[PDB]
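Inspection log for the structure reproduced underneath, given as structure tokens.
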Amino acid sequence: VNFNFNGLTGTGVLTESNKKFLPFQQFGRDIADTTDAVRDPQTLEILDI
Amino acid sequence: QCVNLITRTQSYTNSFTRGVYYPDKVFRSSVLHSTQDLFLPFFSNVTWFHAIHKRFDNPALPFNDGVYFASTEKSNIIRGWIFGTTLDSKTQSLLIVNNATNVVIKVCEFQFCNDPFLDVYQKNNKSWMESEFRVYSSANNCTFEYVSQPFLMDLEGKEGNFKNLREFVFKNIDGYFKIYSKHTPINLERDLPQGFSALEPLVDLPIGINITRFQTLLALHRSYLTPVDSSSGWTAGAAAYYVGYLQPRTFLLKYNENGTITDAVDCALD
């Protein structure tokens, strides 16, 4: 599926939360400097791209 | 009103590994990454002010490229902050009130006193409700207002040993005032502790202003009564606090699996 989260977009599949984050930490950039984890603009749910 | 202390009359110490904050809003797990920004240089001379409290000063602290403030204080006698350049109702300036009830964030054009501080507050019933007020007393040409949670932890800590330490970082980039806070438990009672911790962004105010000088506010009862000994008891040594300046370099950092800041190395140190 394609996704657009308030600006930045992407295309892939989505997975439930597995990590803890930090309550103002919402992005999930990896060692490859690519976005792969983000939280919902409407709810506090971690999702993995 | 305005009370100025006519009779007016800096113990350099060391900060080991303090002043490390998350440089952005991304999460990296168990990797290493380096950025170039304004941190505290490691092992620098930091100015510990007059370690008494009887004693009240009106110093001149210049602001230049971000300020790291750190002052543990029981019962939270430290309550406010001043940021500005001219302080005589010429241009805009910023004021912070951190009392127990709320937090007040002003950008105003106040007629600041040479030593802004509240004196004496008279009698209601064994309690603290303020009666006297002398910090600006005029020049109220502002229509700005801001309410949030008060950053400081609560008051009336009467333990013999030091228990809590409060550290803040104020950064002025592109008129986008960034405040980094950490309330930490320490029990060693000796200056700046030797340890490693992270700082977190919680307050971001986009305003745009020029700052060259800064101060801070206290609040107490010096006499508790107007007629007897109103204001003559104090001299220029107000309180003890740590102020550090910031320098731009590269500060390569290591993350853990939890994403918490674990270690950082300064590139141009050794």
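The chains in the structure tokens are called A, B, ... from first to last as shown; in each chain the residues are counted from 1, and the ligands are counted from 1 in the order shown.
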
| field | Nearby residues (only C-alpha atoms) at most 8 Å from residue 17 of chain A, same-chain spacing under 4 positions excluded, as an NGL selection string | value | :A and (45-48)

| query | For chain B, which residues have at least one atom within 10 Å of chain A, if we go by only C-alpha atoms? Write them as a ChimeraX atom specification, please. | reply | /B:22,24-33,200-202,257-260

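If you look at atom CA of residue 19 of chain B and atom CA of residue 199 of chain B, they are 7.1 Å away from each other.
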
| Could you pull out all residues of segment 9-124 of chain B with a DSSP call of strand (DSSP E or B) and give them as JSON, numbers by chain? | {"B": [12, 13, 14, 15, 21, 32, 33, 36, 37, 38, 39, 44, 45, 46, 47, 48, 61, 62, 67, 68, 69, 70, 78, 79, 80, 81, 82, 83, 84, 93, 94, 95, 96, 97, 104, 105, 106, 107, 108, 118]}

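With only C-alpha atoms taken into account, the protein and nucleic acid residues at most 8 Å from residue 2 of chain B (excluding it and anything under 2 positions from it in its own chain) are residues 4, 113, 116, 134, 135, 136 and 137 of chain B.
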